[PDB]
Amino acid sequence: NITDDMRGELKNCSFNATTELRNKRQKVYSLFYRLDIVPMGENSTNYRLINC
Amino acid sequence: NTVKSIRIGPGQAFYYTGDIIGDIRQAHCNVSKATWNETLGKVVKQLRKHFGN
Amino acid sequence: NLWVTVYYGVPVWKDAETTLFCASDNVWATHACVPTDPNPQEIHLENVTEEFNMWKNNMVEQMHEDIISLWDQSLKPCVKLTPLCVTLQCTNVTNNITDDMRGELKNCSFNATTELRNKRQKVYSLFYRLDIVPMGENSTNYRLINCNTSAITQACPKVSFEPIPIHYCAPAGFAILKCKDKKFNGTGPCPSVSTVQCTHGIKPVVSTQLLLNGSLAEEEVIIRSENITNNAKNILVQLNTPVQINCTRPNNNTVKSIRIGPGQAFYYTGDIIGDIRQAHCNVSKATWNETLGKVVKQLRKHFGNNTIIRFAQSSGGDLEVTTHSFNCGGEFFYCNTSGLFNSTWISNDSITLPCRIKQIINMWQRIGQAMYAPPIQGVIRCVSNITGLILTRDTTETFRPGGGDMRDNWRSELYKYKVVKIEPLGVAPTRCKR
Amino acid sequence: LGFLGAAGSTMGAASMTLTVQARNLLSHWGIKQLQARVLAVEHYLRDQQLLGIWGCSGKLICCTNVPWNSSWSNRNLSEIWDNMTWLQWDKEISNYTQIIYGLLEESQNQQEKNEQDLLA
Amino acid sequence: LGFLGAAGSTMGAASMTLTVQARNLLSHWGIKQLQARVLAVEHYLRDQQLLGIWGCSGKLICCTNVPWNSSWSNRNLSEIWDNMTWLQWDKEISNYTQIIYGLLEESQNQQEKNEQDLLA
Amino acid sequence: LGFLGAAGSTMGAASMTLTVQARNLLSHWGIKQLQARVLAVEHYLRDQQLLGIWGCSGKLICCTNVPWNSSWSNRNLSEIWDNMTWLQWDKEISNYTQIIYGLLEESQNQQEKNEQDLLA
Ligand SMILES: *[C@@H]1O[C@H](CO)[C@@H](O[C@@H]2O[C@H](CO)[C@@H](O[C@@H]3O[C@H](CO)[C@@H](O)[C@H](O[C@H]4O[C@H](CO)[C@@H](O)[C@H](O)[C@@H]4O)[C@@H]3O)[C@H](O)[C@H]2NC(C)=O)[C@H](O)[C@H]1NC(C)=O
Ligand SMILES: *[C@@H]1O[C@H](CO)[C@@H](O[C@@H]2O[C@H](CO)[C@@H](O)[C@H](O)[C@H]2NC(C)=O)[C@H](O)[C@H]1NC(C)=O
Ligand SMILES: *[C@@H]1O[C@H](CO)[C@@H](O[C@@H]2O[C@H](CO)[C@@H](O)[C@H](O)[C@H]2NC(C)=O)[C@H](O)[C@H]1NC(C)=O
Ligand SMILES: *[C@@H]1O[C@H](CO)[C@@H](O[C@@H]2O[C@H](CO)[C@@H](O)[C@H](O)[C@H]2NC(C)=O)[C@H](O)[C@H]1NC(C)=O
Ligand SMILES: *[C@@H]1O[C@H](CO)[C@@H](O[C@@H]2O[C@H](CO)[C@@H](O)[C@H](O)[C@H]2NC(C)=O)[C@H](O)[C@H]1NC(C)=O
Ligand SMILES: *[C@@H]1O[C@H](CO[C@@H]2O[C@@H](C)[C@@H](O)[C@@H](O)[C@@H]2O)[C@@H](O)[C@H](O)[C@H]1NC(C)=O
Ligand SMILES: *[C@@H]1O[C@H](CO[C@@H]2O[C@@H](C)[C@@H](O)[C@@H](O)[C@@H]2O)[C@@H](O)[C@H](O)[C@H]1NC(C)=O
Ligand SMILES: *[C@@H]1O[C@H](CO[C@@H]2O[C@@H](C)[C@@H](O)[C@@H](O)[C@@H]2O)[C@@H](O)[C@H](O)[C@H]1NC(C)=O
Ligand SMILES: *[C@@H]1O[C@H](CO[C@@H]2O[C@@H](C)[C@@H](O)[C@@H](O)[C@@H]2O)[C@@H](O)[C@H](O)[C@H]1NC(C)=O
Ligand SMILES: *[C@@H]1O[C@H](CO[C@@H]2O[C@@H](C)[C@@H](O)[C@@H](O)[C@@H]2O)[C@@H](O)[C@H](O)[C@H]1NC(C)=O
Ligand SMILES: *[C@@H]1O[C@H](CO[C@@H]2O[C@@H](C)[C@@H](O)[C@@H](O)[C@@H]2O)[C@@H](O)[C@H](O)[C@H]1NC(C)=O
Ligand SMILES: *[C@@H]1O[C@H](CO)[C@@H](O)[C@H](O)[C@H]1NC(C)=O
Ligand SMILES: *[C@@H]1O[C@H](CO)[C@@H](O)[C@H](O)[C@H]1NC(C)=O
Ligand SMILES: *[C@@H]1O[C@H](CO)[C@@H](O)[C@H](O)[C@H]1NC(C)=O
Ligand SMILES: *[C@@H]1O[C@H](CO)[C@@H](O)[C@H](O)[C@H]1NC(C)=O
Ligand SMILES: *[C@@H]1O[C@H](CO)[C@@H](O)[C@H](O)[C@H]1NC(C)=O
Ligand SMILES: *[C@@H]1O[C@H](CO)[C@@H](O)[C@H](O)[C@H]1NC(C)=O
Ligand SMILES: *[C@@H]1O[C@H](CO)[C@@H](O)[C@H](O)[C@H]1NC(C)=O
Ligand SMILES: *[C@@H]1O[C@H](CO)[C@@H](O)[C@H](O)[C@H]1NC(C)=O
Ligand SMILES: *[C@@H]1O[C@H](CO)[C@@H](O)[C@H](O)[C@H]1NC(C)=O
Ligand SMILES: *[C@@H]1O[C@H](CO)[C@@H](O)[C@H](O)[C@H]1NC(C)=O
Ligand SMILES: *[C@@H]1O[C@H](CO)[C@@H](O)[C@H](O)[C@H]1NC(C)=O
Ligand SMILES: *[C@@H]1O[C@H](CO)[C@@H](O)[C@H](O)[C@H]1NC(C)=O
Ligand SMILES: *[C@@H]1O[C@H](CO)[C@@H](O)[C@H](O)[C@H]1NC(C)=O
Ligand SMILES: *[C@@H]1O[C@H](CO)[C@@H](O)[C@H](O)[C@H]1NC(C)=O
Ligand SMILES: *[C@@H]1O[C@H](CO)[C@@H](O)[C@H](O)[C@H]1NC(C)=O
Ligand SMILES: *[C@@H]1O[C@H](CO)[C@@H](O)[C@H](O)[C@H]1NC(C)=O
Ligand SMILES: *[C@@H]1O[C@H](CO)[C@@H](O)[C@H](O)[C@H]1NC(C)=O
Ligand SMILES: *[C@@H]1O[C@H](CO)[C@@H](O)[C@H](O)[C@H]1NC(C)=O
Ligand SMILES: *[C@@H]1O[C@H](CO)[C@@H](O)[C@H](O)[C@H]1NC(C)=O
Ligand SMILES: *[C@@H]1O[C@H](CO)[C@@H](O)[C@H](O)[C@H]1NC(C)=O
Ligand SMILES: *[C@@H]1O[C@H](CO)[C@@H](O)[C@H](O)[C@H]1NC(C)=O
Ligand SMILES: *[C@@H]1O[C@H](CO)[C@@H](O)[C@H](O)[C@H]1NC(C)=O
Ligand SMILES: *[C@@H]1O[C@H](CO)[C@@H](O)[C@H](O)[C@H]1NC(C)=O
């Protein structure tokens, strides 16, 4: 339930994080502010962290 | 905000917002209106000593 | 009648805490040590009586920092064994294993990185069970013990951990006073004090409950504690005779290596030649029994005389404090001393101590660091002197091995030294005037 | 005959070795040793400055114009220079030291202004 | 009466606080602070060396044999010591200073040779 | 006329430039420069301490009460002070310098005690 003023401000992002073991990966779900991510391609949900 | 964490490496923990409990509202700041209007009036009075009266 | 006269160069001093500079002749005696040990001059002060105190001496702390720092610096140029934090599938060793070795060793295979990013290699090695932790309860999948916490650094094989004596010298304006009272118990007035330029060399030997290769008491066993009636304090017992201990790792190891990256070589035990036996240490039985009898006689001067003194094994804690830890030829041993402290004293045999070996250690009581000790090729034997014990205390008194803190080992050598500042300026009345 | 060798001797004996001790006041890893050397120098200089302020510059034994209030130490000469070591003396005038230093400073300032007014 | 307390007073008054100021001249992260300590020491030593060269070692007030050429400042004594403050005096004769220092050095060299030739 | 300009001249000439050399004795990447400055200061202070001990503080030319045993150097005043340069002289009495310094120290201690027992 998002106040109109906040629509588009937050995005729910799923990513592949590294783990303690070099050969394993884990799925992580976290909430980012729109100001910290950028789109990559347009008309797609591929987003990356702003400073990479 | 509910904060969650994962290890991403050998003793290396990453923190992130896991979830929001309840409604989503915009962050904001409150400034008393009368106090602020008086404050600028004083600033203007002093600016007029450097600028035209 | 009398007037103030000012004198400068007056032989007066006050207690002070300053930085001491090390002087020596591979981690120890680094290039960071004024190359001297010339003839550290000793100038007996005759009729002076100085209030000495260990368990406050800041020299203990300086040495602790120094040693920890020198140790960490030696690992700065060494390979980080992080590419190796992978699932290691493990089975039992295909050799003739005695009962005491069950299971103690595991034959682990894994996929290792190599020099080129698109290449990989299959490697297997022999690990001690104490260095690996099962992943998924009972399964062939295991991970190295320290991959859930800090990254392990491989010690550089060219650097020897053998202790090298380091002398601690006073900066100008300061002096070190040495207590020569043979019966000194660590505190209070010392009737025979001399001034020295620099301390004797002290070997930074790292061990727990049995102090190895330290100084011996001149005449009798000396028992020193901050507060003898306080069970929270440790008791340092200085022996007046050494007890010889003979340690071995009687297994002929073949050491192999791989490249895990661009100039990064990893060392591991490839195989074992001959039968698999438990590492162990020997202490002469009669010598040890005489040694404890002497300790008991001195304990009875602080405790009741018509009493009972019992010795027992450490009651608990991790391997670092329940065993006798030491470096023998570069390997890290954890020996069980319950065979030494199992008797009650009321008003050519030898004792063999079983020993565990670990390759992944933490050294200092720290969480954020871990080191891998490369295995050593061949068979290891070392002989050392037991020069003191670290005991804790529970009618009847019961004593157990302690020694978890390193500062106490260094106290057993630094207890006779104090640092003071020279205060050459002062005044006194005389009959003279301008 | 060496450094602090006279520390256990009486004040009247120890005063003869003042040059022995005076000469032993001067001579990231390494920073703390460098700090120690710098501070040793500052300590040394403060003592020399102070002797200068009192008019004792350049000498090991300096007589002054300040008298000894018996309330600081009412001991006689054969109980200070024959029965006491400098270490025991220092722990007897310890809490009258700043008083004495202040008086010595005042005495020298008065002497300097009076000498200048005599050179006219 | 504290450090620089006399800065606003006249030269004839300020001259009585010379010890107040003299005693306040002495006492990778941390390197800049070491540089400051070392330079403070070198500065101090250069001034002390200079007083030694001029024959003023060990004293806060030193009279010399160099006369006052009136071209440097023709103000009289009642104008210099009763009214002017040391800050204003310093500004007034700041560019005739390295002439005065040179004269003081030359005077002392002559003074030393004459005393040796007399102790013969 | 500048620093060491007199080094090739005779001792009897070079002795007049003592202030020229005295004024040139003072004033991880960057650590070695601080170490050099600190050591330069300690060296300087040790020279000053000896002058203090021998009673030569504050002066560049100091006469003493120690005689010249001819076994150190039997050359006459002409040859020393009108032929030899200081460099050549120093290389002659190089072996017999510690002896001289020890004698100077003892003489000053005798002088300080006698003076005190005369102001009594
Ligand atoms: C208590 O003191 C004793 C006596 O000092 C001490 O025992 C000594 O241990 C060292 C290290 O294990 C032994 O040194 C070795 O001697 C053999 C014999 O020739 C050499 O081959 C060895 O050289 C190899 O290893 C070096 C690295 O350590 C390499 O640099 C070298 O190139 C070779 O590969 C090495 O010199 C020493 O012989 C014994 N001494 C005796 C009398 O047995 C004991 O360890 C001390 N106790 C504790 C806990 O430290
Ligand atoms: C650990 O396991 C490896 C296999 O993963 C064993 O190595 C093999 O041994 C047989 C019998 O000698 C040889 O024919 C194979 O060529 C070896 N394989 C490799 C890759 O070397 C190894 O012997 C086992 N070691 C122990 C101590 O059990
Ligand atoms: C190392 O990598 C090899 C593949 O290069 C793994 O081999 C696999 O082993 C499992 C178990 O039997 C088989 O099901 C797979 O088919 C094998 N892979 C292939 C493509 O042959 C090996 O297990 C890895 N070792 C570990 C545990 O790291
Ligand atoms: C420590 O003591 C053990 C005995 O408990 C010694 O073991 C014997 O060693 C010889 C070879 O020198 C063998 O022939 C014997 O069979 C062994 N005895 C037993 C019961 O197995 C060991 O050598 C001693 N020395 C140490 C640790 O240096
Ligand atoms: C050293 O060896 C002794 C055996 O001699 C171990 O002592 C046993 O410990 C278990 C578990 O607490 C007890 O149930 C047994 O009764 C103990 N045996 C005896 C004879 O008392 C001891 O735990 C070992 N210590 C270390 C650090 O390995
Ligand atoms: C000596 O000093 C007295 C003042 O000093 C008092 O006692 C000394 C020990 C300190 O505790 C100080 O703080 C006290 O104020 C004067 O009464 C006395 O007149 C003085 N005597 C002389 C000879 O001047
Ligand atoms: C100095 O005083 C000496 C001892 O006298 C006594 O003890 C001291 C501590 C005071 O309590 C004092 O009142 C006592 O009378 C004498 O033995 C010695 O002769 C005296 N010396 C001189 C030369 O006055
Ligand atoms: C006094 O000063 C007169 C003028 O000095 C000149 O100007 C000053 C600022 C300096 O630059 C100085 O070197 C110049 O010579 C001299 O002519 C006169 O000789 C001086 N008198 C004395 C007492 O030496
Ligand atoms: C001191 O001078 C006062 C006025 O000073 C005049 O101008 C200065 C710059 C000098 O040139 C000075 O010599 C001049 O006289 C006089 O009001 C005052 O009376 C003079 N006092 C004395 C003691 O001569
Ligand atoms: C002068 O020197 C004489 C020889 O003794 C020594 O050898 C010479 C070369 C010097 O090094 C000197 O310092 C040594 O003492 C002494 O026999 C003689 O007593 C000395 N005379 C004096 C004035 O001390
Ligand atoms: C000084 O002596 C000159 C000759 O020197 C002789 O040899 C030197 C090494 C010394 O041992 C010295 O004492 C010897 O006399 C004479 O040519 C010269 O005229 C003398 N000058 C004087 C008299 O001062
Ligand atoms: C998602 O949010 C964007 C604004 O960032 C909005 O334009 C779009 O219509 C929303 N889509 C859905 C399915 O809610
Ligand atoms: C801030 O909160 C306090 C209560 O803690 C309230 O009294 C004050 O008026 C508020 N100020 C503004 C600008 O809203
Ligand atoms: C701010 O000050 C102006 C000028 O006095 C006034 O006209 C205006 O109404 C004031 N606004 C508020 C909120 O007080
Ligand atoms: C500016 O206006 C103020 C009144 O608000 C008055 O007192 C002041 O004298 C005026 N200054 C000039 C330069 O007109
Ligand atoms: C491997 O060793 C363990 C521990 O000694 C034992 O319990 C297990 O049965 C052994 N497995 C095989 C296949 O020998
Ligand atoms: C690593 O695993 C062990 C399992 O016994 C656990 O006790 C330890 O706390 C874990 N370390 C971290 C950093 O989670
Ligand atoms: C050490 O000896 C002193 C002698 O004065 C005594 O007071 C102190 O209690 C003793 N301490 C211990 C632990 O024996
Ligand atoms: C030793 O511990 C006891 C605890 O009851 C305490 O009363 C005593 O004062 C302590 N001794 C010293 C020297 O502090
Ligand atoms: C240790 O070895 C020596 C020979 O180097 C032997 O004489 C001694 O008895 C052995 N001591 C023990 C306790 O095994
Ligand atoms: C140890 O000492 C006790 C008491 O004197 C004695 O009864 C026992 O036989 C001794 N044991 C050995 C091995 O000497
Ligand atoms: C304690 O026993 C010893 C003999 O071991 C004896 O010399 C001493 O006098 C006894 N002390 C007391 C208080 O009984
Ligand atoms: C202590 O000695 C007894 C024999 O007197 C033995 O039965 C017991 O197992 C020993 N305890 C330990 C820990 O070695
Ligand atoms: C280990 O075995 C090899 C191969 O037989 C042999 O050359 C080496 O000398 C042995 N080392 C020891 C300590 O027995
Ligand atoms: C044990 O002590 C004796 C006697 O001081 C000494 O000769 C021997 O070398 C020492 N042993 C070791 C390993 O240092
Ligand atoms: C110590 O006192 C004795 C007299 O009991 C004396 O002969 C000796 O010279 C004194 N030592 C010192 C350093 O003063
Ligand atoms: C102190 O010295 C004096 C003079 O020698 C003497 O009379 C007096 O008894 C001495 N007092 C002591 C022994 O402290
Ligand atoms: C001052 O020092 C004297 C001598 O040490 C001592 O007796 C007295 O108690 C001290 N007074 C204070 C305030 O500590
Ligand atoms: C400041 O000037 C006044 C005269 O206006 C004078 O009385 C006072 O003493 C001066 N202050 C100082 C510190 O000299
Ligand atoms: C200058 O000095 C005179 C005489 O002391 C004094 O009367 C006058 O007030 C002073 N003036 C200033 C500006 O200090
Ligand atoms: C030098 O100082 C005098 C007096 O303060 C001044 O008049 C002159 O202008 C100054 N010259 C320079 C170089 O500024
Ligand atoms: C160098 O020697 C010549 C004689 O050959 C002499 O005239 C000149 O003054 C000497 N130079 C110096 C600096 O003394
Ligand atoms: C220089 O040496 C000669 C020969 O020894 C000597 O005659 C002369 O007097 C000495 N010096 C001078 C020029 O006085
Ligand atoms: C000084 O000593 C050295 C070394 O013994 C010797 O060669 C030289 O001739 C000596 N010089 C003098 C002036 O005696």
# chains A, B, ... in the order shown; residues from 1 in each chain; ligands from 1
$ residues_near_ligand --ligand "ligand 10" --cutoff "12 Å" --atoms "only C-alpha atoms and all ligand atoms" --output "PDB file with N, CA and C atoms, in the first residue's frame"
ATOM      1  N   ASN F  65      91.792  25.612  32.118  1.00  0.00           N
ATOM      2  CA  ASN F  65      92.854  25.452  33.097  1.00  0.00           C
ATOM      3  C   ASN F  65      93.597  24.128  32.935  1.00  0.00           C
ATOM      4  N   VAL F  66      93.474  23.491  31.780  1.00  0.00           N
ATOM      5  CA  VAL F  66      94.184  22.247  31.531  1.00  0.00           C
ATOM      6  C   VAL F  66      95.429  22.543  30.727  1.00  0.00           C
ATOM      7  N   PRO F  67      96.666  22.125  31.150  1.00  0.00           N
ATOM      8  CA  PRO F  67      97.884  22.400  30.381  1.00  0.00           C
ATOM      9  C   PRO F  67      98.105  21.481  29.176  1.00  0.00           C
ATOM     10  N   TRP F  68      99.036  21.844  28.292  1.00  0.00           N
ATOM     11  CA  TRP F  68      99.298  21.024  27.081  1.00  0.00           C
ATOM     12  C   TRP F  68     100.578  20.211  27.270  1.00  0.00           C
ATOM     13  N   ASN F  69     100.437  19.018  27.849  1.00  0.00           N
ATOM     14  CA  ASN F  69     101.457  17.942  27.803  1.00  0.00           C
ATOM     15  C   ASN F  69     101.998  17.855  26.382  1.00  0.00           C
ATOM     16  N   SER F  70     103.314  17.943  26.235  1.00  0.00           N
ATOM     17  CA  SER F  70     103.949  18.011  24.898  1.00  0.00           C
ATOM     18  C   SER F  70     103.871  16.658  24.194  1.00  0.00           C
ATOM     19  N   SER F  71     103.557  15.595  24.935  1.00  0.00           N
ATOM     20  CA  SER F  71     103.456  14.228  24.366  1.00  0.00           C
ATOM     21  C   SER F  71     102.248  14.136  23.432  1.00  0.00           C
ATOM     22  N   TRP F  72     101.288  15.055  23.559  1.00  0.00           N
ATOM     23  CA  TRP F  72     100.135  15.079  22.624  1.00  0.00           C
ATOM     24  C   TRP F  72     100.635  15.640  21.296  1.00  0.00           C
ATOM     25  N   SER F  73     101.217  16.836  21.307  1.00  0.00           N
ATOM     26  CA  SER F  73     101.869  17.406  20.100  1.00  0.00           C
ATOM     27  C   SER F  73     102.917  18.444  20.504  1.00  0.00           C
ATOM     28  N   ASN F  74     104.188  18.184  20.203  1.00  0.00           N
ATOM     29  CA  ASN F  74     105.266  19.068  20.580  1.00  0.00           C
ATOM     30  C   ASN F  74     105.541  20.163  19.577  1.00  0.00           C
ATOM     31  N   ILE F  93      96.118  15.405  16.424  1.00  0.00           N
ATOM     32  CA  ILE F  93      95.657  15.088  17.804  1.00  0.00           C
ATOM     33  C   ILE F  93      94.328  14.341  17.734  1.00  0.00           C
ATOM     34  N   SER F  94      94.214  13.369  16.825  1.00  0.00           N
ATOM     35  CA  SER F  94      92.982  12.543  16.743  1.00  0.00           C
ATOM     36  C   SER F  94      93.043  11.452  17.814  1.00  0.00           C
ATOM     37  N   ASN F  95      94.209  10.836  17.983  1.00  0.00           N
ATOM     38  CA  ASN F  95      94.340   9.744  18.976  1.00  0.00           C
ATOM     39  C   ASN F  95      94.189  10.336  20.375  1.00  0.00           C
ATOM     40  N   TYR F  96      94.782  11.508  20.625  1.00  0.00           N
ATOM     41  CA  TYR F  96      94.766  12.090  21.993  1.00  0.00           C
ATOM     42  C   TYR F  96      93.656  13.135  22.116  1.00  0.00           C
ATOM     43  N   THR F  97      92.402  12.763  21.845  1.00  0.00           N
ATOM     44  CA  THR F  97      91.284  13.715  22.048  1.00  0.00           C
ATOM     45  C   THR F  97      90.471  13.289  23.262  1.00  0.00           C
ATOM     46  N   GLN F  98      90.142  12.007  23.391  1.00  0.00           N
ATOM     47  CA  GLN F  98      89.386  11.566  24.543  1.00  0.00           C
ATOM     48  C   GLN F  98      90.093  11.880  25.841  1.00  0.00           C
ATOM     49  N   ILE F  99      91.415  11.918  25.813  1.00  0.00           N
ATOM     50  CA  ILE F  99      92.156  12.225  27.012  1.00  0.00           C
ATOM     51  C   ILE F  99      91.905  13.658  27.365  1.00  0.00           C
ATOM     52  N   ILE F 100      91.978  14.520  26.363  1.00  0.00           N
ATOM     53  CA  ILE F 100      91.790  15.919  26.595  1.00  0.00           C
ATOM     54  C   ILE F 100      90.393  16.174  27.082  1.00  0.00           C
ATOM     55  N   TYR F 101      89.390  15.548  26.482  1.00  0.00           N
ATOM     56  CA  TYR F 101      88.049  15.801  26.949  1.00  0.00           C
ATOM     57  C   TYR F 101      87.889  15.368  28.395  1.00  0.00           C
ATOM     58  N   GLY F 102      88.468  14.232  28.777  1.00  0.00           N
ATOM     59  CA  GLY F 102      88.363  13.798  30.157  1.00  0.00           C
ATOM     60  C   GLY F 102      89.015  14.796  31.114  1.00  0.00           C
ATOM     61  N   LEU F 103      90.158  15.352  30.731  1.00  0.00           N
ATOM     62  CA  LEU F 103      90.811  16.313  31.594  1.00  0.00           C
ATOM     63  C   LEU F 103      90.000  17.576  31.736  1.00  0.00           C
TER      64      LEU F 103
END
$ residues_around --residues "residue D:23" --least-positions-apart "5" --cutoff "10 Å" --atoms "only C-alpha atoms" --output "tab-separated table (two decimals) with C-alpha atoms, in the first residue's frame"
chain	number	residue	atom	x	y	z
C	9	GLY	CA	72.67	15.46	37.15
C	172	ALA	CA	68.07	7.90	26.44
C	173	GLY	CA	66.65	9.53	29.54
D	3	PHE	CA	75.59	5.70	35.70
D	18	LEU	CA	76.67	14.88	38.42
F	46	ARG	CA	75.61	16.69	22.58
F	49	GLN	CA	76.32	19.51	26.54
F	50	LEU	CA	80.08	19.08	26.44
F	53	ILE	CA	80.28	20.35	31.25
$ closest_residue --among "E:11, E:25, E:77, E:1" --to "chain D" --atoms "only C-alpha atoms"
E:25
$ closest_atom_pairs --of "chain F" --to "chain E" --cutoff "10 Å" --atoms "only C-alpha atoms" --output "Markdown table"
| residue | atom | partner | partner_atom | distance |
| --- | --- | --- | --- | --- |
| F:15 | CA | E:113 | CA | 9.9 |
| F:16 | CA | E:109 | CA | 7.8 |
| F:17 | CA | E:109 | CA | 9.2 |
| F:18 | CA | E:109 | CA | 9.0 |
| F:19 | CA | E:53 | CA | 7.0 |
| F:22 | CA | E:49 | CA | 8.4 |
| F:23 | CA | E:49 | CA | 7.9 |
| F:25 | CA | E:46 | CA | 9.5 |
| F:26 | CA | E:46 | CA | 6.8 |
| F:27 | CA | E:42 | CA | 7.0 |
| F:28 | CA | E:28 | CA | 8.6 |
| F:29 | CA | E:28 | CA | 9.9 |
| F:30 | CA | E:31 | CA | 8.8 |
| F:31 | CA | E:31 | CA | 8.1 |
| F:33 | CA | E:35 | CA | 9.8 |
| F:34 | CA | E:35 | CA | 7.1 |
| F:35 | CA | E:38 | CA | 10.0 |
| F:37 | CA | E:38 | CA | 7.5 |
| F:38 | CA | E:38 | CA | 7.1 |
| F:40 | CA | E:42 | CA | 9.9 |
| F:41 | CA | E:42 | CA | 7.6 |
| F:44 | CA | E:45 | CA | 9.5 |
| F:45 | CA | E:45 | CA | 9.3 |
| F:57 | CA | E:57 | CA | 8.1 |
| F:58 | CA | E:52 | CA | 5.0 |
| F:59 | CA | E:52 | CA | 6.7 |
| F:60 | CA | E:53 | CA | 7.7 |
| F:61 | CA | E:112 | CA | 6.8 |
| F:62 | CA | E:116 | CA | 8.1 |
| F:63 | CA | E:116 | CA | 7.3 |
$ write_last_selection --atoms "C-alpha atoms" --output "mmCIF file, in the first residue's frame"
data_model
loop_
_atom_site.group_PDB
_atom_site.id
_atom_site.type_symbol
_atom_site.label_atom_id
_atom_site.label_comp_id
_atom_site.auth_asym_id
_atom_site.auth_seq_id
_atom_site.Cartn_x
_atom_site.Cartn_y
_atom_site.Cartn_z
ATOM 1 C CA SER F 15 89.512 30.832 13.902
ATOM 2 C CA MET F 16 87.912 34.125 12.852
ATOM 3 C CA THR F 17 85.047 32.399 10.945
ATOM 4 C CA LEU F 18 83.683 30.335 13.804
ATOM 5 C CA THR F 19 80.271 31.982 13.576
ATOM 6 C CA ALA F 22 78.137 27.613 13.763
ATOM 7 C CA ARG F 23 75.177 29.145 11.938
ATOM 8 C CA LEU F 25 74.709 23.516 11.945
ATOM 9 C CA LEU F 26 70.944 23.952 12.359
ATOM 10 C CA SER F 27 68.247 23.811 9.558
ATOM 11 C CA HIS F 28 57.653 5.135 4.514
ATOM 12 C CA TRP F 29 58.549 8.081 2.170
ATOM 13 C CA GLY F 30 59.297 11.157 4.284
ATOM 14 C CA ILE F 31 60.098 9.263 7.497
ATOM 15 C CA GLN F 33 63.856 12.922 6.655
ATOM 16 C CA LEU F 34 62.333 13.235 10.093
ATOM 17 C CA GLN F 35 64.791 10.713 11.398
ATOM 18 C CA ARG F 37 66.371 15.923 11.529
ATOM 19 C CA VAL F 38 66.024 14.371 14.925
ATOM 20 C CA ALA F 40 70.942 16.262 13.635
ATOM 21 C CA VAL F 41 69.364 17.823 16.697
ATOM 22 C CA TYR F 44 73.940 19.390 18.133
ATOM 23 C CA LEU F 45 72.770 19.025 21.681
ATOM 24 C CA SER F 57 78.753 27.276 27.423
ATOM 25 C CA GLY F 58 77.719 30.348 25.510
ATOM 26 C CA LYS F 59 81.067 31.032 23.830
ATOM 27 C CA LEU F 60 82.886 29.997 20.658
ATOM 28 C CA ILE F 61 86.394 30.521 22.050
ATOM 29 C CA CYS F 62 87.025 29.118 25.581
ATOM 30 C CA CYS F 63 90.216 29.122 27.558
#
$ residues_near_ligand --ligand "ligand 1" --cutoff "8 Å" --atoms "only C-alpha atoms and all ligand atoms" --output "count of residues only"
22
$ residues_around --residues "residue C:106" --least-positions-apart "5" --cutoff "7 Å" --atoms "only C-alpha atoms" --output "NGL selection string"
:C and (90-93 or 126-129)
$ write_last_selection --atoms "C-alpha atoms" --output "compact mmCIF listing (two decimals), in the first residue's frame"
# COMPACT_ATOMS: atom_id res chain seq x y z
CA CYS C 90 36.30 -36.70 1.77
CA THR C 91 36.93 -40.43 2.51
CA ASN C 92 39.21 -42.43 4.93
CA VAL C 93 43.00 -42.90 4.42
CA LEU C 126 45.45 -35.33 3.42
CA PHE C 127 43.84 -33.26 6.12
CA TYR C 128 43.73 -33.64 9.80
CA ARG C 129 40.20 -34.04 11.00
$ residues_near_ligand --ligand "ligand 14" --cutoff "6 Å" --atoms "only C-alpha atoms and all ligand atoms" --output "PDB file with C-alpha atoms, in the first residue's frame"
ATOM      1  CA  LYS B  33       5.627  28.130   9.720  1.00  0.00           C
ATOM      2  CA  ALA B  34       5.610  31.173  11.939  1.00  0.00           C
ATOM      3  CA  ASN B  37       8.506  33.407   8.272  1.00  0.00           C
TER       4      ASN B  37
END
